[PDB]
Novice: 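Structure incoming, see below.
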Amino acid sequence: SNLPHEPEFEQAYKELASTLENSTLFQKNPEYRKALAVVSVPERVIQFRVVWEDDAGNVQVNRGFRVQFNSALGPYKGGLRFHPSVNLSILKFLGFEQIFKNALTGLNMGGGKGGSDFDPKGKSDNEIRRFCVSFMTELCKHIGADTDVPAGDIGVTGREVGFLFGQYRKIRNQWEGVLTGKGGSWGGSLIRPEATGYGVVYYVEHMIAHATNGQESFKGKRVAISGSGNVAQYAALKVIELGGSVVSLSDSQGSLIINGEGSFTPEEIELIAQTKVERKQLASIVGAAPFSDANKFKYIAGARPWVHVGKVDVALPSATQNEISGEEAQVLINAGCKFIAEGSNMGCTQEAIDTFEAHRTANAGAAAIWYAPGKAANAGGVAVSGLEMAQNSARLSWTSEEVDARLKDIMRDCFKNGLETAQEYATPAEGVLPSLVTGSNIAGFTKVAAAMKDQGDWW
Amino acid sequence: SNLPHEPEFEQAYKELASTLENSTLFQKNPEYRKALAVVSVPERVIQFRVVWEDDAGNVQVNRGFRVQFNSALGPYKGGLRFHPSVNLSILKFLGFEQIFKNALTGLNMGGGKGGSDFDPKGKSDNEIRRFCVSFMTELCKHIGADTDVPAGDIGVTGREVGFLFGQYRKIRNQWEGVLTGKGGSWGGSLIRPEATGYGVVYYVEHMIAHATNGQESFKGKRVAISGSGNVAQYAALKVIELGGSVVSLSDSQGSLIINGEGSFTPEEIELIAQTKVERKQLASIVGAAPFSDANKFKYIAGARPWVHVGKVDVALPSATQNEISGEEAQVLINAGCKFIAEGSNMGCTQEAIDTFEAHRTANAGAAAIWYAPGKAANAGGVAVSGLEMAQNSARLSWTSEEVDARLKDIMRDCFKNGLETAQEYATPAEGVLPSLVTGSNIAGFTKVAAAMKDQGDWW
Amino acid sequence: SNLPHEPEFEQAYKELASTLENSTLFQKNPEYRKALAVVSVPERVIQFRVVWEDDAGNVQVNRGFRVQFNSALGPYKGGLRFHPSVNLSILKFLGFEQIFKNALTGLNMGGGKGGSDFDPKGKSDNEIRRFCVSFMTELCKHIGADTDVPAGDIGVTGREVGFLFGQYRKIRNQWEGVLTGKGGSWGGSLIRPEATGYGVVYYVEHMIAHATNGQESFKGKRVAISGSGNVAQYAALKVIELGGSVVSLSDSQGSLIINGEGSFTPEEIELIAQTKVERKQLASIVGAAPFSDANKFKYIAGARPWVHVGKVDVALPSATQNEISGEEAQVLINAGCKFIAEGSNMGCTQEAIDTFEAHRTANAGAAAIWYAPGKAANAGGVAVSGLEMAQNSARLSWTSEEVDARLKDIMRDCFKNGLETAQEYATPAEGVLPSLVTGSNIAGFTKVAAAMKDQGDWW
Ligand SMILES: NC(=O)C1=CN([C@@H]2O[C@H](COP(=O)(O)OP(=O)(O)OC[C@H]3O[C@@H](n4cnc5c(N)ncnc54)[C@H](OP(=O)(O)O)[C@@H]3O)[C@@H](O)[C@H]2O)C=CC1
Ligand SMILES: NC(=O)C1=CN([C@@H]2O[C@H](COP(=O)(O)OP(=O)(O)OC[C@H]3O[C@@H](n4cnc5c(N)ncnc54)[C@H](OP(=O)(O)O)[C@@H]3O)[C@@H](O)[C@H]2O)C=CC1
Ligand SMILES: NC(=O)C1=CN([C@@H]2O[C@H](COP(=O)(O)OP(=O)(O)OC[C@H]3O[C@@H](n4cnc5c(N)ncnc54)[C@H](OP(=O)(O)O)[C@@H]3O)[C@@H](O)[C@H]2O)C=CC1
Ligand SMILES: O=C(O)c1cccc(C(=O)O)c1
Ligand SMILES: O=C(O)c1cccc(C(=O)O)c1
Ligand SMILES: O=C(O)c1cccc(C(=O)O)c1
C-alpha cells in the first residue's frame with residue numbers, strides 16, 4: 001500500500017518478471033508466480049550509522065547497508081559497494097540479481113549485497129582504514145563464514161577487504177572465510193582478482209563459437225570495454241591474451257579510446273591499475289607518456305566509449321548500471337557489434353536490452369547482435385569467491401591452474417544452461433539465436449524457486 | 001616504563017631483531033620497524049588458576065596459561081607445555097617464535113603457546129586426568145577450531161591431548177579440530193607423532209645436499225641427539241632409516257651415549273619410548289638389557305651429550321631451550337660437526353649461535369658448520385598439525401604417504417625460502433654459506449608484517 | 001618453582017598473611033591456610049595489546065590488563081588504572097586487596113582490577129577517546145553486568161568511563177551496568193564521585209569517637225591529605241563540612257600545603273578539580289590567585305606533605321601506594337597525628353604500618369596513633385559502585401540522601417566488624433586499641449574463605 005519507490009530494484013525485477021512471463025514457465029508451473037512474489041522481498045536488510053574520524057579530527061557520518069536477499073542455496077553472498085550513489089534501492093537491485101547469478105554458478109551461495117554511501121575518492125588511506133574499522137564494527141554482528149560472506153564491489157579493493165577482515169577478526173575472535181577477495185597470505189584465492197573479467201571473456205568465447213559455428217573467436221576482434229577497475233582491467237587482459245584488441249576503457253570522468261587500429265597493452269593496463277589503486281582519474285595520466293601519445297590514445301571528457309570507438313565486434317560494459325542507453329545500443333549495432341555481455345551489473349538500460357533483443361529476433365544466426373546478461377556473464381567473480389570459501393574451509397590453497405580450470409568449466413556450464421533453457425522454454429524461430437537473458441533468468445529463478453519450496457519458504 | 005623482566009622472551013626477541021638489523025630489510029623498508037614493535041606485544045594472554053584433586057583428596061593449585069601472540073595468518077596455533085619451569089616469559093618466547101615458524105610452513109596458522117607449571121612427573125594417570133579436566137574447564141572458553149588450536153609440547157602427550165579433548169567436547173558441545181595430536185580414531189593425523197623429528201631430518205638433508213653439492217647425505221653420518229621424547233625419538237628413527245647413526249639421546253637427569261661406532265636401533269628407541277610413556281628416566285633402564293651393555297651404552301649422569309660423543313657430523317638438540325652453551329658449540333665444531341639444527345625451540349644459547357655463525361663466515365663452503373634455527377627446522381610438527389586441521393575440516397583422513405609427501409614439500413620449501421632470502425637480503429661473501437637463521441627470520445617476519453599491514457594491525 | 005617477582009603483590013600478600021598468623025584464626029581453623037593458598041592465585045587474568053592512533057596519525061602501542069581475582073561473593077569488581085607504572089604486579093596487589101575490601105562492604109562483589117600502562121598526561125581528549133575505544137574493543141569480551149564490572153581508578157575519570165561505556169554498548173548491543181562511575185543521565189549514581197573521600201572521613205569519625213570516648217570529632221582537627229584527584233578532593237570537602245581543616249593536598253610533582261592555621265576552601269578544591277580535569281599539575285596554578293598567596297599556600301616541589309604540615313591530628317594518604325615511608329610515619333607520630341587512614345590503596349609502606357602498630361601497642365587509649373587500612377577505610381567507593389549496580393538492575397535511581405545514608409551505614413558496619421573481629425581474634429592488652437588492620441583482614445578473609453569452601457573452590 002505505501003512502499004517507497006526503488007527505481008533500480010524495480011528495473012531489475014521488471015526485466016526478470018517479463019522474461020519469465022514471455023516463456024512457457026508459468027504455463028507449465030503457474031504456482032511459480034507465488035515463488036516470484038516471495039523471492040522478491042529480501043529475507044533481511046540491516047542498515048546502520050557509520051561514524052568515523054577524518055584526518056582533521058572531525059566527526060563524519062555515513063550510512064551502512066547489508067541486504068541479505070535469499071539463502072535457499074547457501075549463505076548470503078555478494079560484494080560491498082562504497083560509492084556516493086549507494087542506497088537501499090541500488091543494493092536491492094544488486095542483491096536481487098545476485099540470487100540468480102549465484103544459482104547459475106552451480107555453487108551453494110545465496111544472494112546478498114551491501115555497502116555504504118562513503119566515497120573513497122579524496123580520502124587518505126588512513127581515513128579509509130578508520131571508515132572500514134567503524135563499518136565492520138557493526139557489520140560483524142550480521143555476517144560470518146556460514147551466514148553471509150561479503151567481498152569487494154565498486155570502491156572496495158583488496159585494501160578495504162584487509163581492513164574489514166582485520167576488524168572482523170579483532171571483534172569476533174574467529175579466523176574464517178567471512179570475506180572473499182582476501183590477500184594471498186591471509187586466505188585469498190589465486191585467480192580471484194582476474195575472475196570476473198576472465199569469466200566475462202570466457203563466456204563470450206562460447207557465444208562467439210556458437211553463433212559463428214566455430215568459425216570465429218576473439219582472435220582479430222575489436223572489443224570496446226567501459227570502466228577501468230577490476231572487471232575492465234582483467235577482461236582487457238584476457239581479450240589481449242586471446243589475440244583480440246581492446247579499443248576502449250573509461251572511468252566516471254571520461255573515456256580513453258584507441259585511435260584507429262591497435263590495442264591497449266598489458267603494460268598500459270598495469271599503469272592504469274596503479275593509477276586506480278591511488279584513486280586517480282584517467283584524466284590525470286593523459287598528460288604524460290604513454291597516454292599523451294595522441295596517435296594511440298584519444299581522451300574524451302564526459303563521454304562513454306560506445307559512439308567513439310568506430311567499428312567494434314564486442315562490447316563489454318564493465319563500469320556501472322545503466323551505462324548503455326537505447327541510442328548507444330543502436331550505434332553499437334550500426335558499428336557492426338555482434339556480441340554484448342555485461343561485466344557491470346545491469347550495465348544495459350532496458351531500452352538497450354529491448355533494442356538488442358528485437359535485433360536478435362529480426363536477424364538470423366550470426367547477423368544478430370547477441371546480448372548476455374550480467375547474471376550469466378559476470379558470475380566468474382562470485383564463482384571464484386565460492387572457490388576461495390572452499391579453499392578456506394579445506395585450509396589449503398589451490399594452484400592458479402586449478403582455480404582457472406574450474407572457472408572455465410563454470411562459465412561453460414552457465415552458457416549452456418542459459419542456451420538450452422531458452423531453447424526449451426522460449427524457443428526461438430528456426431535460425432534465430434535463443435535469448436540468453438531469458439534462458440539465464442529462467443534457469444536461475446527455477447533453481448532458487450524449487451529450493452525455496454523444498455525448504456518451506458513458500459508452498 | 002615498568003615492564004617485568006622476561007629473559008627467555010627477550011633472548012628470542014633480541015636474536016630476531018639483530019638478524020633483521022643485520023640485513024638490507026630496514027634499508028629497503030624502514031617502516032617494518034613499526035611492525036616489529038607491534039608484533040612483539042602479544043594480541044592476548046590468558047592466565048588462570050587450576051585447582052585439582054590429588055589421589056589423597058588434597059587440594060592442589062597450579063597456574064594455567066595461553067598466549068595468543070599473533071593471528072594475521074590464521075587462528076592461533078602452538079603447543080601446551082606442562083613443566084615446572086613454565087611461566088609467562090617462557091611461553092612468550094615460544095609463542096613469539098611460533099608466529100614466524102608458522103609463517104614458514106605456508107599454512108594459515110597464527111602463533112600461540114600455553115601450558116602450566118604442573119609437573120606430570122610423579123603423578124598418577126588419574127591425577128593427570130583430573131588436572132587436564134580442570135585445566136580445560138577454563139581454557140575451553142578461549143580456544144576453538146577457528147580461534148586457537150593447541151596441541152602437545154613438553155609434558156603433553158596423546159594421553160593428555162585425549163583428556164583435554166574430552167573435557168572440551170563435554171563443555172562446548174562441539175566435536176571439532178580444536179586440538180591437534182589427537183588419536184587415530186578421534187580425528188588424529190597419520191605422521192603427526194613422527195612429524196617434528198622427521199621434519200628436522202628432512203630439512204638437514206637439504207642442508208647437507210646444498211653444502212656438499214650433492215656429494216654427501218645422512219648415509220654414514222654420526223648424529224648426536226638430545227632429549228628422548230617425541231622430537232628425539234622420531235628424529236632418531238628417520239636418521240636410522242636414511243643410513244645414519246644415532247649416537248646419543250638424553251633426558252633431564254643425564255645422557256645415554258653410544259660407546260664407539262654404532263647406533264641406537266629402532267627396537268631400542270621403542271623401549272625408550274615406552275619408558276617415557278611411563279614418565280621414567282633413562283637412569284631407570286640402564287640396569288638391565290639392552291641398556292646395561294657397557295660396550296654399546298654409556299650413561300652419564302648430569303651431562304649433556306655434546307662433549308661426550310667424540311666425533312660427530314650432525315647435532316640435533318631436541319630437548320629444551322638453551323641446551324647448547326658457547327663452550328659446547330666450540331667442542332662440536334672441534335669434533336667435526338658440520339650441521340646443527342634445532343629440534344628444540346631456542347635449543348642453542350645465543351653464545352652458541354654467535355659461535356656457529358662466526359664459524360660460517362670464517363670458513364668457505366662445506367668447511368663451515370651450518371646452523372638452522374628451530375623456526376625453520378622443527379616446523380614439521382606444526383605443519384602436520386595444520387594438515388590434521390585440514391583433515392578434520394574435510395571430515396576425511398589422508399594416508400601416511402599423502403601426509404609425509406606434503407611434509408617433505410613443506411620442509412623443502414622452508415629450506416629454500418630461508419636460503420634464498422638470506423642470499424637476497426644478507427648476501428654472504430662468495431663461497432660462504434648464506435645464514436639460514438637470518439634468512440628464516442626475515443622470510444617469516446616479512447610475511448607476517450605485510451599481512452598485519454593488510455589487516456590494519458599497523459600502518 | 002619459576003614464578004616472576006611481583007613486589008607490590010608480595011607486599012600486600014605478606015601483610016595480610018602476617019596479620020592472619022598473628023591472631024588465633026589458624027589455631028581455631030588451621031584448614032584456612034589452604035584457603036589462603038588458593039585465594040592468592042587469581043581465578044583469571046587477561047592481558048592484551050592495545051594499538052591506537054595518535055593525533056599525528058602514528059601507531060601507538062600500550063598494554064591492557066584485567067585481573068579477575070576472586071568471584072566467591074559476586075561478580076568481579078574494581079577499577080581501571082591508566083598510569084605508566086601499570087603492570088601485572090601492581091594490578092594483582094590492587095585486585096587482591098579488592099577481594100577483602102569488597103567482602104567488608106556487605107555487598108555481593110568479587111575482586112578484580114585492570115588498566116593500562118597508557119599515560120593520559122600529555123594526551124588530547126581525542127587521543128584518550130581513541131585509546132578507550134581500542135581498549136574496550138578487547139575488554140568487552142571479558143566483562144559484563146553479571147561477570148565483571150569495572151570503574152575508574154587512577155587516571156580513569158567519568159570522561160574515560162563514558163568512552164569505555166560507549167564502545168561496550170556498540171559492540172555488545174546491551175545497555176547494562178557493566179561499568180560504574182557512569183554519568184547522571186546514563187546510569188550513574190548520586191554520591192559516587194563523593195563516595196571514597198566521604199567514606200574515608202566517615203570511617204575516621206568512628207575511629208575518633210571510639211578512641212576518645214565521644215569527646216572529640218573532626219571539628220577543629222587538622223587533616224593532612226595527599227593527592228588531589230577524586231579521593232583527595234572529596235575527603236577534603238567532607239573534612240571541611242565537619243568543621244575540620246584540610247592543610248595539604250599533593251600531586252606527582254609536589255605538595256601544596258596550608259601555611260599556618262587555616263584550610264583549603266570548597267571553592268579552592270573546585271579550582272583544583274578543574275585543573276585536574278585538564279590533566280595539569282598543581283605547579284601550573286601556583287603562579288596566580290588564589291594559590292600564589294604565599295601567606296595561605298606553600299608549594300613544595302618534589303615533596304610529600306607529611307614532614308611539611310607541622311602539627312596534624314589526622315593523616316589521609318589519598319594518592320598512590322607506598323606514599324608514607326617509615327621516616328614519614330615517625331614524623332607524623334612526632335607531629336601529634338593520632339589517626340591515619342588509607343584513602344589510597346596500600347598507601348602506607350610496610351615500615352610505616354609497623355611503626356603505627358608498634359606505637360599502638362606501646363601507648364594506651366587515645367595516646368596511640370590508630371592506623372586503618374585502605375580495604376576498610378576506602379571501601380566507600382566500591383560500596384557506592386555496588387549501589388550504582390543495584391540502581392541499574394532496578395532501572396531506577398535513588399536520591400543523594402538514600403545513597404549517602406547507605407554509605408554511612410556501610411562505613412559504620414565496616415568499622416565495627418574490624419574492631420570487634422580484632423577484639424575477638426587478636427585481643428589487645430587492656431587499655432590498648434584493637435588492631436583495625438588485623439581485624440579488617442581477618443573479617444574480609446574469613447568471609448571469602450568460607451564462601452569459597454561452600455562453593456567448592458577448596459576443601
Ligand atoms: N569485482 C567483481 O568481482 C564483480 C564486479 N561486477 C560489477 O562490475 C562492475 C565494475 O565493478 P569493479 O570493476 O569491481 O569496480 P571498481 O571500483 O574496481 O571499478 C569501477 C569502474 O567503474 C567506474 N564507475 C563506478 N561507478 C561509476 C558511476 N556511477 N558512474 C561512472 N563510472 C563509474 C569507475 O570509475 P571511477 O574510478 O572514476 O569512479 C571505475 O572505472 C560493477 O557493476 C560491479 O557490480 C560484477 C561481477 C563481479
Ligand atoms: N612435539 C612437537 O611437535 C614439537 C616440539 N618442539 C620442541 O622440541 C623440544 C622437545 O619437545 P617434545 O619432544 O615434544 O617433548 P617431550 O616432553 O616428549 O620430551 C622432552 C625431552 O626433553 C627433556 N626435557 C624437557 N625439559 C627439559 C629441561 N628443562 N631440562 C632438561 N631436559 C628437559 C625431557 O627429559 P625428561 O623426561 O627427564 O624431563 C625429554 O627427554 C621442545 O623444545 C619443543 O618445544 C618443537 C617443534 C614441534
Ligand atoms: N576512585 C575511587 O573510587 C577509589 C580510589 N582508591 C585509591 O585512591 C587513590 C587515588 O585514586 P583516585 O583519587 O581515584 O585517582 P585520581 O587519578 O583521580 O588521582 C590520583 C592522585 O594521586 C596522584 N598520583 C597518582 N599516581 C601517583 C604516583 N605514582 N606518584 C605520585 N602521585 C600519584 C595523582 O597526581 P598526578 O595528577 O600528578 O599524577 C593525583 O593527584 C588510589 O590509590 C586509588 O587506588 C581507593 C578506593 C576507591
Ligand atoms: O561475492 C563476491 O565475491 C562479489 C564481489 C563483487 C561483485 C560480485 C557480483 O556478483 O556482482 C560478487
Ligand atoms: O601446534 C602444534 O602441533 C605444536 C605442538 C608442539 C610444538 C609446536 C612447536 O612448533 O613448537 C607446535
Ligand atoms: O569498583 C569501583 O567502583 C572502584 C573504582 C576505583 C577504585 C576502587 C577501589 O576499591 O580501589 C573501586
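Below, chains carry the letters A, B, ... as their sequence lines are ordered, and counting in each starts from 1. We count ligands from 1, going down the list as the structure has it; atoms in each ligand are counted the same way. These values consider heavy atoms only, across backbone and side chains, with no hydrogens, waters or symmetry-generated copies.
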Novice: Quick one: which of A:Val156, A:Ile154, A:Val86 gives a side-chain contact (heavy atoms from CB on, under 4.5 Å) with A:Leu80?
Specialist: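 Of A:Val156, A:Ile154, A:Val86, side-chain contact (heavy atoms from CB on, under 4.5 Å) with A:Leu80 is met by A:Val156 alone.
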
Novice: Any heavy atom of A:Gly152 closer to ligand 1 than 4.0 angstrom?
Specialist: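 The answer is yes: ligand 1 sits under 4.0 Å from a heavy atom of A:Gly152.
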
Novice: Around atom 3 (O) of ligand 6, find the nearest protein heavy atom and jot down its residue, atom name and distance.
Specialist: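 Going atom by atom, the protein heavy atom closest to atom 3 (O) of ligand 6 ends up being C:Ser385 OG, 2.4 Å.
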
Novice: Could you tell me the residue and atom name of the protein heavy atom closest to atom 1 (O) of ligand 4, and the distance to it rounded to 0.1 Å?
Specialist: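 For this ligand atom, the closest protein heavy atom is A:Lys77 NZ, 2.7 Å.
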
Novice: Write out the residue and atom name of the closest protein heavy atom to atom 33 (C) of ligand 1, then the distance separating them to 0.1 Å.
Specialist: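 Here the nearest protein heavy atom works out to A:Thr320 CG2, 4.0 Å.
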
Novice: Does the N or O separation between A:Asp153 and ligand 1 drop below 3.5 Å for any pair?
Specialist: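 Yes - when backbone and side-chain N and O of A:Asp153 are compared with those of ligand 1, one distance drops under 3.5 Å.
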
Novice: Look at atom 31 (C) of ligand 1 and find which of A:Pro84, A:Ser252, A:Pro317 reaches it with the closest heavy atom.
Specialist: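 The option holding the nearest heavy atom is A:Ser252.
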
Novice: If only side-chain N and O atoms count, and only distance matters, is there a donor-acceptor pair under 3.5 Å linking A:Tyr76 with A:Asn102?
Specialist: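 Judged by distance alone, the side chains do not pair up.
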
Novice: Consider every N or O of A:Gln321 and every N or O of ligand 1, then say whether any pair is closer than 3.5 Å.
Specialist: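 N/O-N/O distance below 3.5 Å does not exist for this pair.
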
Novice: Just need the protein heavy atom nearest to atom 43 (O) of ligand 1, so name the residue and atom and give the distance.
Specialist: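 Ranked first by proximity to atom 43 (O) of ligand 1 is A:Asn345 N, 3.1 Å.
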
Novice: Starting from atom 3 (O) of ligand 1, which protein heavy atom do you reach first, and at what distance in Å?
Specialist: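 For this ligand atom, the closest protein heavy atom is A:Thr196 OG1, 2.7 Å.
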
Novice: Against C:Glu388, only a single residue in C:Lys182, C:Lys77, C:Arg192 fulfils salt bridge (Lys or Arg N to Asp or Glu O under 4.0 Å); can you say which?
Specialist: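 When salt bridge (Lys or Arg N to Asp or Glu O under 4.0 Å) is applied between C:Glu388 and each of C:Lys182, C:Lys77, C:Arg192, only C:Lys182 qualifies.
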
Novice: Quick check: A:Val231 and ligand 1, any N/O pair under 3.5 Å apart?
Specialist: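 Such a contact does occur with ligand 1.
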
Novice: Atom 36 (P) of ligand 1: which of A:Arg279, A:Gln233, A:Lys121, A:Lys375 has the nearest heavy atom?
Specialist: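 That would be A:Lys121.
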
Novice: Could a heavy atom of C:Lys113 be found less than 4.0 Å from some atom of ligand 6?
Specialist: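 So C:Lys113 counts as touching ligand 6.
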
Novice: Give the residue and atom name of whichever protein heavy atom lies nearest to atom 19 (O) of ligand 1, and the separation in Å to one decimal.
Specialist: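 For atom 19 (O) of ligand 1, the nearest protein heavy atom is A:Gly229 CA, 3.4 Å.
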
Novice: C:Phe9 and C:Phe93: aromatic ring centres closer than 6.0 Å?
Specialist: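 No, the ring centres sit 6.0 Å or more apart.
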
Novice: Looking at ligand 1, does any of its N/O atoms fall within less than 3.5 Å of an N/O of A:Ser318?
Specialist: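 Between A:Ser318 and ligand 1, no N or O pair is found under 3.5 Å apart.
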
Novice: Among all the protein's non-hydrogen atoms, which is closest to atom 18 (O) of ligand 1, and how far away is it?
Specialist: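 Scanning the protein heavy atoms, the shortest distance from atom 18 (O) of ligand 1 goes to A:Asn230 N, 3.0 Å.
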
Novice: Give the atoms of ligand 4, by number and element, whose distance to some non-hydrogen atom of A:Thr180 is under 4.0 Å.
Specialist: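 So the answer, numbered in order with elements, is 3 (O).
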
Novice: So, is A:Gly155 polar-close to ligand 1, with some N/O to N/O distance under 3.5 Å?
Specialist: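 Yes, there is a polar N/O contact under 3.5 Å.
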
Novice: Which residue holds the protein heavy atom closest to atom 11 (O) of ligand 1, what is that atom called, and what is the gap in Å?
Specialist: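 Result: A:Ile154 CG1, 3.8 Å.
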
Novice: With heavy-atom distances below 4.0 Å as the criterion, list the atoms of ligand 4 near A:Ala151.
Specialist: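 Near A:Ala151, the atoms of ligand 4 are 1 (O), 2 (C), 3 (O), 5 (C).
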
Novice: Mark the output for A:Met346 as yes if a heavy-atom distance to ligand 1 is under 4.0 Å, and as no if none is.
Specialist: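 In this structure, A:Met346 fails to qualify as a contact of ligand 1 - no heavy atom is under 4.0 Å.
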
Novice: Considering non-hydrogen atoms of the protein only, which is the closest contact for atom 6 (C) of ligand 6, and what is the distance?
Specialist: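 Checked against all protein heavy atoms, atom 6 (C) of ligand 6 sits closest to C:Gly152 O, 3.3 Å.
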
Novice: Show the atoms of ligand 4 that are less than 4.0 angstrom away from any heavy atom in A:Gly78.
Specialist: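 Near A:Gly78, the atoms of ligand 4 are 1 (O).
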
Novice: Identify the closest protein heavy atom to atom 23 (C) of ligand 1: which residue and atom is it, and at what distance?
Specialist: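 Nearest neighbour among protein heavy atoms for atom 23 (C) of ligand 1, to 0.1 Å: A:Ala319 CB, 4.0 Å.
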
Novice: Looking at atom 48 (C) of ligand 1, is any protein heavy atom nearer than 4.0 Å to it?
Specialist: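 At least one protein heavy atom is under 4.0 Å away.
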
Novice: Quick one: look at C:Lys101 and ligand 6, take heavy-atom pairs under 4.0 Å, and tell me if it's side chain, backbone, both or neither.
Specialist: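 It is the side chain that gets close, since no backbone atom is under 4.0 Å.
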
Novice: Are the side chain of C:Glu97 and the backbone N or O of C:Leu94 linked by a donor-acceptor pair below 3.5 Å?
Specialist: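 Such a contact is absent between C:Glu97 side chain and C:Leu94 backbone.
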
Novice: Could you grab the distance from atom CD of A:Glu160 to atom SG of A:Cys132, nearest 0.5 Å is fine?
Specialist: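 It is 5.5 Å, given to the nearest 0.5 Å.
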
Novice: Considering only protein heavy atoms, which is closest to atom 26 (N) of ligand 1, and at what distance to one decimal place?
Specialist: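 Of the protein heavy atoms, A:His83 NE2, 3.6 Å lies nearest.
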
Novice: Could you find the nearest protein heavy atom to atom 4 (C) of ligand 4 and give me its residue, atom name and distance?
Specialist: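 Protein heavy atom with the smallest distance to atom 4 (C) of ligand 4: A:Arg192 NH2, 3.6 Å.
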
Novice: Between A:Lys101 and ligand 1, does any nitrogen or oxygen pair lie at a separation below 3.5 Å?
Specialist: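 In this structure, A:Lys101 places no N or O atom under 3.5 Å from an N or O of ligand 1.
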
Novice: Please identify which atoms of ligand 4 are closer than 4.0 Å to at least one heavy atom of A:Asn345.
Specialist: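 In order of numbering, the contacting atoms are 11 (O).
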
Novice: Does NZ or CZ of C:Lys375 fall inside the cone over C:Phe100's six-membered ring, less than 6.0 Å from its centre and within 45° of the axis?
Specialist: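 No - C:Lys375 does not lie over the ring of C:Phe100 by the 6.0 Å and 45° rule.
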
Novice: Report yes if the distance between the aromatic ring centroids of A:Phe118 and A:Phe131 is under 6.0 Å, otherwise no.
Specialist: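 They qualify: ring centres under 6.0 Å apart.
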
Novice: Under 4.0 Å, counting heavy atoms only: does A:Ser250 come that close to any atom of ligand 1?
Specialist: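 Yes.
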
